[PDB]
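No value in this document is a laboratory result; all are computed from the given coordinates.
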Amino acid sequence: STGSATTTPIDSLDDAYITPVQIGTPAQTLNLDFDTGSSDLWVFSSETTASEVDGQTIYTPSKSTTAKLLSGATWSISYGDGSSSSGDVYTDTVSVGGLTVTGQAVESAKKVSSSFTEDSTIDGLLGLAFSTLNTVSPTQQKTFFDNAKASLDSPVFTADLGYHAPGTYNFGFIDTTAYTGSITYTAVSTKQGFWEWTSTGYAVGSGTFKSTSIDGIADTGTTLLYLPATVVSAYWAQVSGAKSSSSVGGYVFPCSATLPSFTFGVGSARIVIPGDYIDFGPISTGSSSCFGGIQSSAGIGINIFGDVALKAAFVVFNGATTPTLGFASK
């Protein structure tokens, strides 16, 4: 089997991407944030504290003839950005782009933190990291991909995120029309539960490539590119007037700037992030200070190849017995 679904930016900055997901019988379609940095499929629901719902579409398990309470199971998750959610668990039929999993754990939120409430466009998350990170207790549950994998034509999924435009998540096949050149594959460590890999270096603009190992995670659920402070300083030094602002929470730059590109290495291959992908717009409405899309990972504890990086590539998440990651230009 295979599946193919379009993923759409939630706003004009590509702050996140939403993908429609069918849950239950008859189908209830929710728009979920596919997150290769976590491993829980959770949704706003009829159980979510009413004051914490503001415009989201909810899953109502009592209206699904295939929903079953997973008795005694609870979940609770906290994300790197400080947001969180928790609740109980149902199993139900879940379909993405025509690919169906029966008995998928659907984690129903009883509580969500303010940032989730405040984002009316995201109805929940669909985790695509390794199932070892799943938070369900006392019986850990499998991700949608883990459940689907054996049925897929090939044990892979691909992320093809757009810059200020829709893109695609495919399951079970590699669309050879969706990228240019060849796909370069690179090793993955699953020891921390992530799609963790090592970039071979970077360049800023038309500058020379610096060969240096940068361990980090391929994370579709993180907006920006978080790299070591040395790398980030080297980038922003090429932008007149850019500075790190403790009050704003990162590097800012004059909105009048033309940003240089940023290149990262995948083995001997190179992925180029155009400068415009690094512009996250005014820090507040009407400001002439703009927020940067490359930020320091210092104090996160891990480097994160988030959407800023991934949207410059066609990315293969290869879930073979020994997982790997592939990157192609597009």
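Observations
- Qualifying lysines (Cα of each under 18 Å from Cα of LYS63; at least 8 residues distant if same chain): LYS110
- For the range 157-162, Karplus couplings with θ = phi - 60° (6.51, -1.76, 1.60), whole Hz, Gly/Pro x: 9, 10, 10, 10, 7, x
- Taking each DSSP H run with n ≥ 4 as -39500 (n - 2.57) and averaging over every residue of the chain yields -1500 deg cm²/dmol at 222 nm.
- Prolate/oblate/rounded call for the range 5-174, Cα gyration tensor, a/c under 1.5 rounded: rounded
- Stokes-Einstein diffusion for the chain at 25 °C, viscosity 0.890 mPa s, with a Kirkwood radius from C-alpha pairs, works out to 121 µm²/s.
- Spherically averaged projected area of the range 210-330 from its Cα convex hull (nm²): 8.2 nm²
- Distant alpha-carbon pairs in the range 148-213 (separation over 15 angstrom), percent: 72 percent
- Working note: Karplus 6.51/-1.76/1.60 with θ = phi - 60° gives the range 71-87 the couplings 4, x, 8, 10, 8, 6, 9, 10, 9, x, 8, x, 7, 7, 7, 7, x Hz, where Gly and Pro are set to x.
- Residue among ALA242, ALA218, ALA312 with the largest mean-square fluctuation in a Gaussian network model of the chain, springs linking Cα atoms under 10 Å: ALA242
- Anchor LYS311: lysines whose Cα lies under 16 Å away (excluding residues fewer than 8 positions away in-chain): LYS330
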